[PDB]
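Residue strings, one per chain:
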Amino acid sequence: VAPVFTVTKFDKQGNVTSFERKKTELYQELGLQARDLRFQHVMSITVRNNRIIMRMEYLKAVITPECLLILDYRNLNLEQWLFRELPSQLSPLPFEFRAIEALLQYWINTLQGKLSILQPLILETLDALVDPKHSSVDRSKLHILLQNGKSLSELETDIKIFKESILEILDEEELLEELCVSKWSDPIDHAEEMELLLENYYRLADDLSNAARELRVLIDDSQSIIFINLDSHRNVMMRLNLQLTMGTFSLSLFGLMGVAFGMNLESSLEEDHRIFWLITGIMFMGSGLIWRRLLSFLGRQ
Amino acid sequence: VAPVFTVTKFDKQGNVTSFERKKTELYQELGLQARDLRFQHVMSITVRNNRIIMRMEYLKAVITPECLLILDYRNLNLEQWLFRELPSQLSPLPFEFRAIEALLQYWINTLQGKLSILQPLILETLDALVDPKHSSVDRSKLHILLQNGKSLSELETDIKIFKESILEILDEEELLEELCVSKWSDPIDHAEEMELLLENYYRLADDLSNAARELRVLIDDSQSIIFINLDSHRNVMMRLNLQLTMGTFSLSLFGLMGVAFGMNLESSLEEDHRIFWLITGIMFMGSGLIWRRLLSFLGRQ
Amino acid sequence: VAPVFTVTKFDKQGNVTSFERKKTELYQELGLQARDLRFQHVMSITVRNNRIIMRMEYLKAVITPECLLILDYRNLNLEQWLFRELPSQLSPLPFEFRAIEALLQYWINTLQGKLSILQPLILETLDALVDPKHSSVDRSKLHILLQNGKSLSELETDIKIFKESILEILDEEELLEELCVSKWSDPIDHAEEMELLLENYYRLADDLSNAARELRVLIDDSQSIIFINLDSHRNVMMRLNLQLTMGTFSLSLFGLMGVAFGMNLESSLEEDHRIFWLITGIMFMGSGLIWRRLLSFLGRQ
Amino acid sequence: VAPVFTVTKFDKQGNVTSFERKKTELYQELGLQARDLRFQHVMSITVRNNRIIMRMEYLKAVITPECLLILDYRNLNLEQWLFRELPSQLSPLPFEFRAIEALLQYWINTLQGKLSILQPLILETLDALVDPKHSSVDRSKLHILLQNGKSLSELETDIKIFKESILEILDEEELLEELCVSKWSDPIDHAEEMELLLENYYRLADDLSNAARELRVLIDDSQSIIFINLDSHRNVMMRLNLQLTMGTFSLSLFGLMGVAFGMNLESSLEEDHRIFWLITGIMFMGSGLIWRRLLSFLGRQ
Amino acid sequence: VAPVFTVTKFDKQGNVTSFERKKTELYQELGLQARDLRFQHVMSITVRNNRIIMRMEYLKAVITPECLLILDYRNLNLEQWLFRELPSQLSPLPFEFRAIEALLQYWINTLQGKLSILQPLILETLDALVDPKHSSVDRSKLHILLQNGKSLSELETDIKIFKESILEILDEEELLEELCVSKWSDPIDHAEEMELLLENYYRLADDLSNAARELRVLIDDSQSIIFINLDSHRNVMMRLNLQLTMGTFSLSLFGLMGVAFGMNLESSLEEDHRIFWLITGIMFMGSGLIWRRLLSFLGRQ
Ligand SMILES: [Mg+2]
Ligand SMILES: [Mg+2]
Ligand SMILES: [Mg+2]
Ligand SMILES: [Mg+2]
Ligand SMILES: [Mg+2]
Ligand SMILES: [Mg+2]
Ligand SMILES: [Mg+2]
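Criteria and cut-off values
- Residue numbers count from 1 along every chain, following the sequence as written rather than necessarily the entry numbering; any residue without coordinates is not displayed.
- Naming scheme: in the order in which they are written, chains are lettered from A and ligands are numbered from 1.
- Each side-chain value is worked out from all heavy atoms of the structure, with water and hydrogens disregarded.
- Residues with missing side-chain atoms are left out of burial classes, side-chain pairs and their counts.
- Secondary structure elements are taken from DSSP: a helix is a run of H or I of four residues or more, a strand is a run of E of two residues or more, and numbering for both begins at the N terminus.
- Put simply, the radius of gyration uses C-alpha atoms, and a globule should come to 2.2 Å times the residue count raised to 0.38.
- UniProt positions are given in the numbering used here, feature names are shortened, and annotations may be inferred rather than shown by experiment.
- Only protein chains enter the accessibility calculation, which uses a 1.4 Å probe. A residue is then buried if its area is under 20% of the maximum for its type, exposed if over 50%, and partly exposed in between.
- Residues are treated as being in contact if the distance between any of their heavy atoms lies within 4.5 Å.
- Superposition of the copies is carried out by least squares, using only their C-alpha atoms.
- Strands qualify as paired when DSSP identifies two bridges or more between them.
- Axis angles are defined between N-to-C directions and span 0 to 180 degrees, where every axis is a line fitted to C-alpha atoms and, for a helix, only to the segment in contact.
- Note on residue classes: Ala, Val, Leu, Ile, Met, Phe, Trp, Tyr, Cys and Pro are nonpolar, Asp, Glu, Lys and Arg are charged, and everything else, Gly too, is polar.
- The set of buried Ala, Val, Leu, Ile, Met, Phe, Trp, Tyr and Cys residues whose side-chain atoms join them within 4.5 Å is what this entry labels a nonpolar core.
- Think of a salt bridge as a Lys or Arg side-chain nitrogen and an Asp or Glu carboxyl oxygen that are within 4 Å of each other.
- Note on aromatic contacts: the rings of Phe and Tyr and the six-membered ring of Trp form a pair at centre separations within 6.5 Å, being stacked when their planes are under 30 degrees apart, edge-to-face when over 60 apart, and tilted otherwise.
- Each patch is built from salt-bridge-free residues with over 30% relative accessible area, joining like charges within 9 Å and nonpolar side chains (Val, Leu, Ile, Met, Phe, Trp, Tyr) within 5 Å.
- Here the open area of atoms and residues is found with the Shrake-Rupley method and a 1.4 Å probe, where only the protein chains shown may cover a residue.
- Note on angle classes: values under 35 degrees are labelled roughly parallel, values over 145 roughly antiparallel, values of 65 to 115 roughly perpendicular, and the remainder oblique.
- Helix crossings are classified by the rotation of the near helix relative to the far one: an anticlockwise turn of less than a right angle makes the crossing left-handed, while a clockwise turn makes it right-handed.
- Only a pair of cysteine sulfur atoms within 2.5 Å qualifies as a disulfide here.
- Throughout the structure description, domain borders are defined by an automatic or database domain assignment.

Method of determination, as given in the entry header: cryo-EM; reported resolution: 2.92 Å.

As structure tokens, this is what we get:
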């Protein structure tokens, strides 16, 4: 079966149509070729035969002087935007300005929503992790943080490509003149308006990129602080363990002393209890003094 | 209710007025449109119909040949600057130069104050943390450091956008000529003076950026030194624990020897005390020698 | 023996020939010199005497207006591409466009295959390592990750050089005109078509580079999370060891007490069992209380 | 009291004068204004009314066709350079070349001295720290390293601003022509000589920057090696502690066995010594075998 | 004594001479001044009075239309290159091309040799370190790695300066025309040949730089893997130590129980052996059960 395109068409007045059409018929209707309607690039804005071709991550659009076409809209939850919002926007400037503004605004709003969803989750996770009241931290939250960081990196890449394309178009004026397809087809400055639009969207994308970068550096700083806190807790607990081990060693030493003096043999000292009491007292007090002196020695270090 | 703008107006002589006006009335009074007085960008300097439009993080200003307007000044502690300092500054060069200089100086002073407040806190916190006399470090100070680093990153971003805008205006001369709205409205070089102003403020911002970068790298180096100190303390305490464990092991070994020789049974050796004394002496001295030899073995490693 | 080149030649119609020829004979047949057919650069696209010379990591090609030549194809598993696919591609545009498109498509497909092979292995390895259910991680998987990261870095370098060469050619128009060797030899716009080709391949390479960068940053984040998890497990186990050591210390203390009270001597207390039972009970309960109080003290920290 | 400038003046012949003068009198004597002699930038080279104004970190200079002036030289140990070296340098090229060369050479020599002082200290400290013969490292040396790294970062920033200013002047030719104040005031190529001077100093600064960067990367590598060494020592000592703990556990186990068999009760086995000797021998040998088997088990891991 | 230069001179035919000459005599023989033959820059290529002046790290060369001069060749093991290889290379293009090609080829070969020597040592050291079969790693190999990394950084810097100089010359055409000193002195395109030479050497240097960068990133990844392996071994050994400590604690607990029940007093239970056997059996089995239950509790965590 020959491949087909599921297209939805918007007119100047805002009227909407939807259908499916063969690629060859689409090429014949327009002045394009299969080389153009291939959509091999993640982000692209191009002009061919007075027709504008735009592609986002998943949005494919063709703009003509008298109509707009969205291709492959099925299974992408675009119905609300297509059948409820776009007609209002499209209903003195030409059609190209309105269409380009609508598409760019949609993409920018999508990116803003992504960032606004990502920010609070990361902030809450970092606030929970940095809490110095716990010697350990949860790991499910760490996995969540990793996934959200991956999503943030993808968002940063998308913003970067958006800005790159917009700036590449802005620098040259030939492309700016090309975007005015209506005047070329059927011959106030259009160039100024297009420059204003592109500059506005470029600045918005730059703001988003700065916010994402700030979030990433915050993540890194939080990771470093987490490392420091864990190391400090380790050192505290090891100090306590050493302090207890000193006492254990002293106790074992004097227990060996007592055991050796208390063998089941003859020592010529079983007829006196004063010696026994003296040994008990001296062993206990010496345990105490040795423990204290070892504590002081550790403190000296 | 229709939206309104809370505006304060400064004249050439420095006279001050304040009121609220509908956005449509503002647009009609000037030659602008709602597309311009939207304020969608964090930092922006633009020119439209011989009117300069400036926006900072929270400062919104419109400059005309004969007046200046500050918009949305309520609840921003700007009263001291507006009603005490600005009139003196505004009271032979045209009005645009004075207004632009005042606004840029205000923003630069704000950034300088932020940096001057941030620096000593971070320096004191790092000095306290780096102290090698403690095996552990406080965590409230770590949280303070994290918050101040976040603020520092935000300040760096603000300085970056400021410099970017200033340099973008400086490179082109068409924008420099545009800023001379008074001459265009009613036709010594203005371009040289504007270039001097913008270059001065750009250089000040560059100095601030360099200072912030130095502070950040200092923070990173301090973190690394903290890690090293904690690891060294860990190793010292573990060495001490191992040294004590050697003695504990030797003591336990010879205690087992004594216990085994001192069961409540018959060993055919309970009639002699010389053997008992010999066993006590040899067990103690051998404990000592084994402890010393294990210490030497550890030292060999 | 004089050096030779193992060449395979493709004609306009797609006919294929293969043989070996002396370098001097090759130079004489073309208008080149040994200075050109030296192949000292990993990636290179050049034009000499209306002949295009291209080199990839291991692919060496010479393009003329009427023929294409691939050099040193032996022992490189290029037979499938040479004798099965290329003739179909080469069978209204001139020959240079088809040849360049074929070579660039081959290289791009090779890079895409490399990346598609690398991605799932790294993802699976990282997913296995990040599993927080294990206090330790395997090391063979770490070695695999290291090798795959090295391969990824090599791939990134290759993509970078590809993009650099393509962009260097695109910026200038003299080189674009040079690539149209057929028109120069024997005098619709060729420049536009060549620009489209190069821009398409540059954009594809940029997408690949972005994907590789995302993978690398993911690797780094996974490493950090692994460090954090290991430290947390360390702290947990050390806390448990300390808790057990407290009880061991208390038990040893009261065992020393009992041993001291139970020497094989006279203590004037062997005629009463109530004292013995009291000592047993008090030593046990005090062991419990001291253990609990030390646990509470640790909890206070 | 009106502010004043402490100035020292050098003539063409090298004659020296020194005094203090009011800022207004200085402005009147020259053709400048207070806007110029403000010195708000850390590093600056500018030209105003055929007068060159230069500022370094602490050096302030004004160059005219017939004289040189150094401002605010008190309490900066500049007496040796001012009254011993500069007159010799200033005594066929015009005065501006000599003055600029002198100032730039002074600054470059200062930076070189800073770097030459910093290098050996850091190298010695790193050599001492990296010594793998110590399980721990000193902390005073770490503080010294931190301070020297801060100084190195400041030096890098200074070199960067120096290079930026020199290159900004070099790129344009209008500024190069401006620097030839003598010819403009009273109308072999001066531009070539100035370009040579600036290029020479730019190259020297670039060399210094490269050296500083190499030092910094060396510091980072040394830090990583220190971390690795500390971790290895930790692991070694923990392995030894585990080996000793195995023996302690076996000894305690068989000591419990002996104690249980040696209660102060009736066991119907006190009439035979062969059983006692057998128990002693078997407990000792089994202690040995269990210790060895646990050692082998650890080795298996 | 006046300073002198130890020079070796090559003619067009390849004839070689060597001697020492005063700097003033050298300046007089050529059309240069002491300002030129100062050699203050690590890497430099310049043209003065139809004479080319080149300096590498330690190679100093002056090229004229009719001769080449190498200065300060003593104690630099350059005899083999000077008296065995260079004459063959120098024996239709002018002399400047041959001389420049020879010098650049020498430098490139030197850099290639450095890199080829450095690579295998680092690879072997990293392969030895990454071996996961050892809980610890050697430190002499770490010192070797540090030294080789320092050398690699120096090599990268040298390659960078080489590329910077070559590209700076390539971008401008005035310098390219300047390098053709022979035509200027005594008036096929020379510019094309010089561009080809410089581009070839620039590309070779770029390849070397990419290789060095790959090596450095490999080093960093290996360091991270080493850290991970050490941490995993630490955790394993700590888990084993905890498992042994559980058993030690249980054994000590029940040993205290036995000791308390076995005091040298009256307990009204010395007339029955069944109680003694029951206590022994229950203490042993309970030791086992408590050890197993603590093991399960640890496993739960
Ligand atoms: Mg993506
Ligand atoms: Mg902000
Ligand atoms: Mg490679
Ligand atoms: Mg400074
Ligand atoms: Mg060097
Ligand atoms: Mg660590
Ligand atoms: Mg007894």
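A. The arrangement of the overall build of chain A in detail. A tally of regular secondary structure across chain A gives 8 helices and 6 strands. Along the chain direction, N to C, the helices and strands of chain A fall in the order β-β-α-β-β-β-β-α-α-α-α-α-α-α. Taking 2.2 N^0.38 as the reference for a compact globule, 301 residues should give roughly 19 Å; the C-alpha atoms of chain A span a radius of gyration of 38 Å, well beyond that estimate. By principal-axis analysis of the C-alpha atoms, chain A measures approximately 130 × 45 × 30 Å.

B. Just the UniProt feature "binding site: Mg(2+) 1" in chain A, in detail. All names here are of chain A. The sites that carry the UniProt feature "binding site: Mg(2+) 1" are, in the present numbering, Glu154, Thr157, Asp158 and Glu214. By secondary structure assignment, the location of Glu154 is in helix α4 (residues 140-171). Mapped onto the fold, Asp158 is located in helix α4. Residue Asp158 is classed as buried on the basis of its relative accessible area, which comes to 15%. Apart from the residues lying within four places of it in its own chain, the contact partners of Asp158 are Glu57 and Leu111.

C. Broad picture of the relation of the copies chain C and chain A. Under the fitted operation, chain C is carried onto chain A by 0.0 Å of movement along the axis and a turn of 72°, and the coordinates agree to an RMSD of 0.0 Å. These values place the two chain copies in the arrangement generated by a five-fold rotation axis. Minimal C-alpha separation from the rotation axis in chain C is found for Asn264(C), amounting to 5.7 Å.

D. Local environment of the interface of chain B and chain D. Taken together, the 50 residues of chain B in the interface contact 59 residues of chain D. Top element by residues in the side of chain B that touches chain D is helix α7 (residues 190-261) of chain B. It accounts for 39 residues.

E. Up close: the sheet that holds strand β6 (residues 67-71) of chain A. Residue and element names in this part refer to chain A. Strands sit in the order β2-β1-β6-β5-β4-β3 across an open sheet of 6 strands; the sheet is antiparallel. The open sheet terminates on both sides in strands that have one partner only, identified here as β2 (16-22) and β3 (44-48). Each adjacent strand pair in this sheet contributes to an overall mean axis angle of 20°, direction not counted. Relative to β6, strand β5 (residues 60-63) runs antiparallel, the two being bridged by 4 bridges. Its bridge partner being in β6, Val62 is matched across the sheet by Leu69. Across the sheet, helix α2 (residues 79-90) is in contact with β1 (4-11), β2 and β6; its angle to β1 comes to roughly 45°.

F. Inspection of the interface of chain C and chain A at higher detail. Taken together, the 50 residues of chain C in the interface contact 59 residues of chain A. At 39 residues, the largest contribution of residues to the side of chain C that touches chain A is made by helix α7 (residues 190-261) of chain C. By residue class, the composition of the side of chain C that touches chain A is 24 nonpolar, 15 polar and 11 charged.

G. Focus on the nonpolar core. Counting residues in each nonpolar core, the largest one holds 330 residues, and the members touching the most others are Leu68(A), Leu68(B), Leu68(C), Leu68(D) and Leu68(E). If we skip the residues at most four places from it in the chain, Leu68(D) touches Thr8(D), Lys9(D), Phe10(D), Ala61(D), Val62(D), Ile63(D), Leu86(D), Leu90(D) and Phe95(D). Counting residues in hydrophobic clusters, the runner-up holds 95 residues, among them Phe261(A), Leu265(A), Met246(B) and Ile279(D).

H. View of the pattern of salt bridges. Scanning all chains against the criterion turns up 55 salt bridges over all chains. Across the pair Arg216(D) and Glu156(D) runs a salt bridge whose closest N-O atoms are separated by 3.8 Å. Relative accessible area serves as the criterion here: at 18%, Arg216(D) is assigned to the buried category. Residue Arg74(E) pairs with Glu20(E) through a salt bridge whose shortest N-O separation is 3.1 Å. One end of the pair, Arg74(E), is in the loop between β6 (67-71) and α2 (79-90); the other, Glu20(E), is in strand β2 (residues 16-22), with 54 residues separating them in the sequence. Since its relative accessible area comes to 37%, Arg74(E) is described here as partly exposed. Each of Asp231(A), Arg234(A), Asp231(B), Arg234(B), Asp231(C), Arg234(C), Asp231(D), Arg234(D), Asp231(E) and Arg234(E) takes part in one network of salt bridges that share partners.

I. How the structure looks around the packing of aromatic side chains. Evaluated as defined, the whole model comprises 25 aromatic pairs over all chains. Centre to centre, the rings of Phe249(B) and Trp291(D) are 5.5 Å apart; their planes meet at 65°, and the pair counts as edge-to-face. A residue pair is termed interchain when its members come from two chains, as with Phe249(B) in helix α7 and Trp291(D) in helix α8 (residues 274-300). Residue classification places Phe249(B) among the buried positions, given a relative accessible area of 5%.

J. Geometry of a nonpolar patch on the surface. Residue and element names in this part refer to chain A. A cluster of nonpolar side chains, contributed by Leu278, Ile282, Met285 and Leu289, occupies part of the molecular surface with about 390 Å² of accessible area. Positionally, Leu278 belongs in helix α8 (residues 274-300). The class for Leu278 is exposed, based on a relative accessible area of 53%.

K. Inspection of the UniProt feature "binding site: Mg(2+) 2" in chain A at higher detail. Within this structure's numbering, the places UniProt gives as "binding site: Mg(2+) 2" are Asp231(A). Judged by its relative accessible area of 7%, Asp231(A) is buried. When sequence neighbours within four positions are dropped, the list of residues in contact with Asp231(A) reads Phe227(B), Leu230(B), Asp231(B), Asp231(C) and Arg234(C).

L. Spotlight on the packing of α2(A) against helix α3 (residues 95-130) of chain A. Residues and elements named next belong to chain A. Relative orientation of the contacting elements α2 and α3 amounts to 140°, with a least axis distance of 10 Å. In terms of axis orientation, α2 runs oblique to α3. The hand of the α2/α3 crossing is right-handed. Between α2 and α3, the contacting residues are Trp81, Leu86, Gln89 and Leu90 on the first element and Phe95, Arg98, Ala99, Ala102, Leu103, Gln105 and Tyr106 on the second. Tallied by class, the residues present in the contact of α2 with α3 amount to 8 nonpolar, 2 polar and 1 charged.

M. Structural view of the state of the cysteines. All names here are of chain A. The tally for this structure, following the rule as stated, stands at 0 disulfides over all chains. Its sulfur unpaired, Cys180 is 17 Å from the next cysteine sulfur, which belongs to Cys67. By relative accessible area, which is 2% here, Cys180 ends up buried.

N. Up close: the domain arrangement of chain A. Parsing chain A into structural domains produces domain 1 (1-80) and domain 2 (235-300). Between the C-alpha centres of domain 1 of chain A and domain 2 of chain A there is a distance of 89 Å.

O. Molecular detail of the side chain of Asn235(C). Its location among the elements puts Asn235(C) in helix α7. Discounting residues that sit within four places of it in the chain, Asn235(C) has contacts with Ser135(A), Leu230(A), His233(A), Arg234(A) and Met237(A).

P. Structural view of the arrangement of the chains. A minimum C-alpha distance of 10 Å separates chain B and chain C, which share no contact. Nowhere do chain B and chain E come into contact; their C-alpha atoms are at least 10 Å apart.

Q. Quick look at the sheet that holds strand β5 (residues 60-63) of chain C. Residue and element names in this part refer to chain C. Within the open sheet, the 6 strands sit side by side as β2-β1-β6-β5-β4-β3. Their pairing is antiparallel. The open sheet has two edge strands, β2 (16-22) and β3 (44-48), and neither has a second partner. Neighbour-to-neighbour, the strand axes of this sheet turn through a mean angle of 20°, independent of strand direction. Relative to β5, strand β4 (residues 51-55) runs antiparallel, the two sharing 4 bridges. Bridge pairing in β5 links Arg55 to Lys60.

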